[PDB]
Amino acid sequence: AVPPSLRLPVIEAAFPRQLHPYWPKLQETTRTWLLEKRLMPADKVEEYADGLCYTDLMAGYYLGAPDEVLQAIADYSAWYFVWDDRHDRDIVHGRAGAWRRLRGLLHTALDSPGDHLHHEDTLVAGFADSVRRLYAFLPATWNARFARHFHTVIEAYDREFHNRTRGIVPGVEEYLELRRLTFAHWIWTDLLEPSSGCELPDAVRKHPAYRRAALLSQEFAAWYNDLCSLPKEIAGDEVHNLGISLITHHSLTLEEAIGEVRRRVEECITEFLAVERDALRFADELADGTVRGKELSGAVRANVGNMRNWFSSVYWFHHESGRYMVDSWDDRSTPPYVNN
Ligand SMILES: CC[N+](CC)(CC)Cc1ccccc1
Ligand SMILES: [Mg+2]
Ligand SMILES: [Mg+2]
Ligand SMILES: [Mg+2]
């Protein structure tokens, strides 16, 4: 049962949850990886890792992925959550120098992961290990696009460091543009392709129906996170959240901003439903009778199916994960799974 202020009946009725068959082994394998890469203290991994549900989130998203692909995606995604925690803690503790150094190492490790596999900063070494494995599935042209996208993500995190140290809440339009980068919209979209086993040519993945379906899936996910993580983010002096931008710059009340965010999330769903039809029609056109065409057709169909699965996986993740349960913390500004 989902709280009424967070409930989306269309998701519950029309987007049935999916779970990848590898998820049991995925759960333990990623937890051991967090342990062995020293990405979180051992006692916090034991106490909190399974309850954070990071592997469940990815296992309900990239259906059909080969087990080894899903493992690399799950390790990268767990790393990404820890990086968000590190970013937050560097901000809270005014560690501008340590962040600047981290920011630079992640740029370098993204271009040359093998050089960073044993870096003294375990967060860098953990990133390099996951990126190394992601680079082993598709041609170097896909690797280059992943890197180009993630370079921008790192720099969007640096913009968040600038905003939060300076006490700046971005405007609504400014926030929406930045959120497509801090959420890594295009990274999750890139990773559809190794999950279906096919790098898509530019003419396919830029087709208007594919691009708009991919966008809507990510806008829903990011804004639903905003809706669900608003309580912890207000408690933690986070400034990056559509709700916070609305309260600050449009002088909405909390209740008004929650409603506005809800409506925007709801429209992503029904816009997606319409564009989903066009994207599946495109998949049908790709099946032109050739072997390449059937290949491309099946890949697009699988990818669009997983764009749909992102809606349900993100929805349920926010009600299962301990990441957001701010009411259970002794210090509402300091989550217990963060190294402070
Ligand atoms: C801050 C963590 N995360 C994912 C690693 C960064 C993009 C956002 C997120 C939250 C909830 C579901 C999916 C992604
Ligand atoms: Mg965060
Ligand atoms: Mg963040
Ligand atoms: Mg959030």
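Values reported hereafter were calculated over all heavy atoms of this structure, with side chains retained and with hydrogens, waters and symmetry mates removed. Numbering of residues begins at 1 and proceeds along the displayed sequence.
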Ion pair check, [X] and [Y], cut-off under 4.0 Å:
X: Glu260; Y: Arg263; value: yes
X: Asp278; Y: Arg212; value: no
X: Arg323; Y: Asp84; value: yes
X: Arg133; Y: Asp129; value: yes

Task: Centroid separation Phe272 to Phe311 less than 6.0 Å - done: yes
Side-chain contact, heavy-atom cut-off 4.5 Å: [X] with [Y]?
X: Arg164; Y: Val92; value: yes
X: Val314; Y: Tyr61; value: no
X: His318; Y: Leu6; value: no
X: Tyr224; Y: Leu227; value: yes
X: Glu193; Y: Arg205; value: yes
X: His20; Y: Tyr62; value: no
X: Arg301; Y: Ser196; value: no
X: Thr152; Y: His149; value: no

Under 3.5 Å side-chain donor-acceptor pair for [X] and [Y]:
X: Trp142; Y: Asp190; answer: no
X: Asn303; Y: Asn306; answer: no
X: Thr55; Y: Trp23; answer: yes
X: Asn225; Y: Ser229; answer: yes
X: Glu233; Y: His240; answer: no
X: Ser130; Y: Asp75; answer: no

- [ ] For the residue pair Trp310 and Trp188, categorise the inter-ring angle as parallel (less than 30°), tilted (30 to 60°) or perpendicular (more than 60°).
- [x] tilted
- [ ] Could you check whether the rings of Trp99 and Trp83 sit parallel, tilted or perpendicular, using 30° and 60° as the cut-offs?
- [x] parallel
Closest non-hydrogen atom pair, [X] against [Y]:
X: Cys268; Y: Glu219; value: SG-CB, 3.9 Å
X: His319; Y: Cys228; value: CE1-SG, 4.2 Å
X: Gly293; Y: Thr290; value: N-OG1, 2.9 Å
X: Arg332; Y: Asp327; value: NH1-OD1, 2.7 Å

Open item on the list: Using modelled atom types and a 3.5 Å cut-off, is there a donor and acceptor pairing between side-chain atoms of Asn309 and backbone atoms of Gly60?
Closed with: no
Open item on the list: Let's go through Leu52 and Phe81 carefully: what are the C-alpha distance in whole Å and the side-chain angles of both, what is the deciding distance for side chain to side chain contact (heavy atoms under 4.5 Å, CB included) to 0.1 Å, and is it a yes or a no?
Closed with: CA-CA 10 Å; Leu52 289 168; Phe81 280 107; over 6 Å; no
Straight-line distance of [X] [atom1] to [Y] [atom2], nearest 0.5 Å:
X: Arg100; Y: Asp90; atom1: CZ; atom2: CG; value: 12.0 Å
X: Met307; Y: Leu192; atom1: CE; atom2: CG; value: 5.5 Å
X: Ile73; Y: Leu191; atom1: CD1; atom2: CG; value: 4.5 Å

Open item on the list: The criterion is ring-ring contact (aromatic ring centres under 6.0 Å, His included); which residues satisfy it with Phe127, sequence neighbours excluded?
Closed with: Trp79, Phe150
Task: salt bridge (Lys or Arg N to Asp or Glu O under 4.0 Å) involving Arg17 - partner list, sequence neighbours excluded - done: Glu320
Open item on the list: Would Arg308 and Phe15 count as a cation-pi pair here, with the cationic atom under 6.0 angstrom from the ring centre and within 45° of the axis?
Closed with: yes
Open item on the list: Do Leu63 and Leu26 sit in one hydrophobic cluster, given that two such residues count as connected whenever their side-chain heavy atoms are within less than 4.5 Å of each other, even indirectly?
Closed with: no
- [ ] For the pair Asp121 and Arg86, evaluate salt bridge (charged side-chain N to carboxylate O under 4.0 Å, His left out) and give the outcome as yes or no after the intermediate values.
- [x] CA-CA 12 Å; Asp121 187 333; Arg86 164 83 73 89; 3.0 Å; yes
